[PDB]
Amino acid sequence: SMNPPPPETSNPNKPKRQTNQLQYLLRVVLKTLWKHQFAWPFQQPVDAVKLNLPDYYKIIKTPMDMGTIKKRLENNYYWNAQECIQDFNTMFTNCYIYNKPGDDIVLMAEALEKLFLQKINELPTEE
Ligand SMILES: Cc1cc(Nc2ccccc2C)n2cnnc2n1
């Protein structure tokens, strides 16, 4: 029923890159999803105490959220775009696994994921 420590967002010994694909993931992908009217439940780690979800972290072992992704992008945490893309997909998948079809939170994730898929379809060529 307790919250775990958050996912890692800083590690000075992890090698980093600044690339046009990662720039796109922040400037287009993250920004598009973040400003959406369904973003709010996804803008920070799931607070299982606040939301009375005592079994959430019993079930979900790789938590992920856009707050974490935002910090990772803004802090240059990643080596490549696929790392970041995986974080988004983990976020959506966690939601789908924990909840039931047609749940409000699932419909919200589905709408964000539709936008996500469109932007990723348009992922720029590597410079
Ligand atoms: C990503 C996510 C969020 C929530 N609940 C929620 C609702 C409103 C505001 C904040 C939060 C964290 N979830 C509830 N069950 N799975 C969930 N997944």
Side-chain angles (χ1 to χ4, degrees):
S1 61
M2 295 177 64
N3 291 320
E8 184 176 279
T9 52
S10 177
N11 182 352
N13 280 345
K14 180 186 190 290
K16 317 298 207 316
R17 288 192 309 183
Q18 284 123 324
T19 70
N20 65 296
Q21 286 191 337
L22 283 165
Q23 283 153 12
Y24 176 87
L25 277 159
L26 176 58
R27 175 69 181 89
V28 174
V29 179
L30 187 282
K31 278 174 186 172
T32 292
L33 269 64
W34 190 273
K35 73 189 188 185
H36 191 279
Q37 63 179 37
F38 292 160
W40 50 282
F42 303 91
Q43 286 178 331
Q44 60 285 311
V46 172
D47 190 333
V49 177
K50 188 173 200 54
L51 290 167
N52 194 27
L53 309 174
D55 65 339
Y56 186 87
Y57 287 109
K58 173 70 192 171
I59 296 158
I60 299 299
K61 297 310 190 185
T62 303
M64 189 50 60
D65 66 276
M66 293 202 297
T68 297
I69 293 168
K70 185 173 183 284
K71 287 177 181 183
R72 286 180 170 188
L73 287 166
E74 293 177 346
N75 295 341
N76 299 289
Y77 179 80
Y78 299 114
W79 183 261
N80 62 37
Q82 293 300 109
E83 280 182 277
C84 179
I85 288 165
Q86 180 57 244
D87 284 343
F88 278 102
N89 276 319
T90 297
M91 181 183 74
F92 299 129
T93 299
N94 291 344
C95 191
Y96 302 150
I97 285 174
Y98 183 76
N99 298 280
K100 288 162 51 89
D103 281 349
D104 277 347
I105 191 68
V106 169
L107 296 171
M108 293 166 103
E110 286 180 349
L112 294 175
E113 187 185 18
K114 178 182 175 59
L115 285 179
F116 174 79
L117 289 168
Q118 192 267 298
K119 302 309 176 191
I120 295 306
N121 187 67
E122 306 295 317
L123 185 75
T125 306
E126 250 183 332
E127 287 174 350

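Just so it is clear, the values below take in all heavy atoms, side chains as well, and ignore hydrogens, waters and symmetry mates. Count residues from 1 along the sequence.
No continuous path of ILVMFWY side-chain contacts below 4.5 Å connects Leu107 to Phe38, so the two sit in separate hydrophobic clusters. When the side chains of ILVMFWY residues are joined at heavy-atom separations under 4.5 Å, either directly or via intervening members, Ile60 and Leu112 end up in two distinct hydrophobic clusters. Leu115 and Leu25 fall within the same hydrophobic cluster, defined by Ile, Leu, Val, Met, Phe, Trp and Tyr side-chain heavy atoms under 4.5 Å apart, directly or through other members. Taken together through direct or relayed side-chain contacts under 4.5 Å among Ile, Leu, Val, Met, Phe, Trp and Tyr, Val49 and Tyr98 form parts of separate hydrophobic clusters. When hydrophobic clusters are built by joining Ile, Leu, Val, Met, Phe, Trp and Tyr residues whose side-chain heavy atoms come closer than 4.5 Å, directly or via intermediates, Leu51 is grouped together with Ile59.
Of the charged side-chain nitrogens involved, at least one lies within less than 4.0 Å of a carboxylate oxygen, so that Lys14 and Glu83 count as a salt-bridged pair. Note on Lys70 versus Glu74: salt bridge recorded, some NZ/NE/NH1/NH2 to OD/OE distance being below 4.0 Å.
Put simply, the side chain of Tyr96 reaches to within 4.5 Å of the side chain of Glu113, judged on heavy atoms. Residues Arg72 and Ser10 fail the side-chain proximity criterion, which asks for heavy atoms closer than 4.5 Å.
Of the possible polar contacts, one joining the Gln21 side chain to the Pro124 backbone as a donor-acceptor pair under 3.5 Å is found. Between the side chain of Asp55 and the main chain of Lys58, no donor-acceptor pair closer than 3.5 Å is present. A side-chain donor-acceptor contact under 3.5 Å links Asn80 to the backbone of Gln82. Listed for the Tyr77 side chain is no donor-acceptor partner under 3.5 Å among the backbone atoms of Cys84. Between the side chain of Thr68 and the main chain of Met64, no donor-acceptor pair closer than 3.5 Å is present. Put simply, the side chain of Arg17 gets close to the backbone of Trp79: a donor and an acceptor are under 3.5 Å apart. When atom types are taken as modelled, the side chain of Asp103 and the backbone of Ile105 share no donor-acceptor pair closer than 3.5 angstrom. A side-chain donor-acceptor contact under 3.5 Å links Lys61 to the backbone of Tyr57. Side-chain atoms of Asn121 do not come within 3.5 Å of backbone N or O of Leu117 as any donor-acceptor pair. Judged purely by atom type and a 3.5 angstrom limit, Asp87 has no side-chain atom pairing as donor or acceptor with the backbone of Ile69.
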Practice task
Quick one: do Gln23 and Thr19 satisfy side chain to side chain donor-acceptor pair (under 3.5 Å)? Show the steps, please.
Solution key: CA-CA 6 Å; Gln23 283 153 12; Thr19 70; over 6 Å; no
Handout entry: side-chain contact (heavy atoms from CB on, under 4.5 Å) assessment of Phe116 paired with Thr32
Key = CA-CA 8 Å; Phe116 174 79; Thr32 292; over 6 Å; no
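Rounding to the nearest 0.5 Å places CG of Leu33 at 10.0 Å from CD of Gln43. Distance CG/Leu22 to CD/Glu126: 9.5 Å, rounded to 0.5 Å. A distance of 10.0 Å separates NZ of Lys16 from CD of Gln18, quoted to the nearest 0.5 Å. In this structure, OG1 on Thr9 lies 11.5 Å from CG on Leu73, to the nearest 0.5 angstrom. Atoms CZ and CH2, on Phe42 and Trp34 in that order, are 12.0 Å from each other to the nearest 0.5 Å. Rounding to the nearest 0.5 Å gives a distance of 8.0 Å between CE of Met91 and CG of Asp65.
Here the rule is side chain to side chain contact (heavy atoms under 4.5 Å, CB included) with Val29, and of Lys119, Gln118, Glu122 only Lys119 fits it.
The two residues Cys95 and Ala109 have their closest heavy-atom pair at SG-CB, 3.8 Å. Of all heavy-atom pairs between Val106 and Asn99, the closest is CG2-CB, 3.6 Å. Residues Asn3 and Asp47 approach most closely at ND2-OD1, 2.9 Å, considering heavy atoms.
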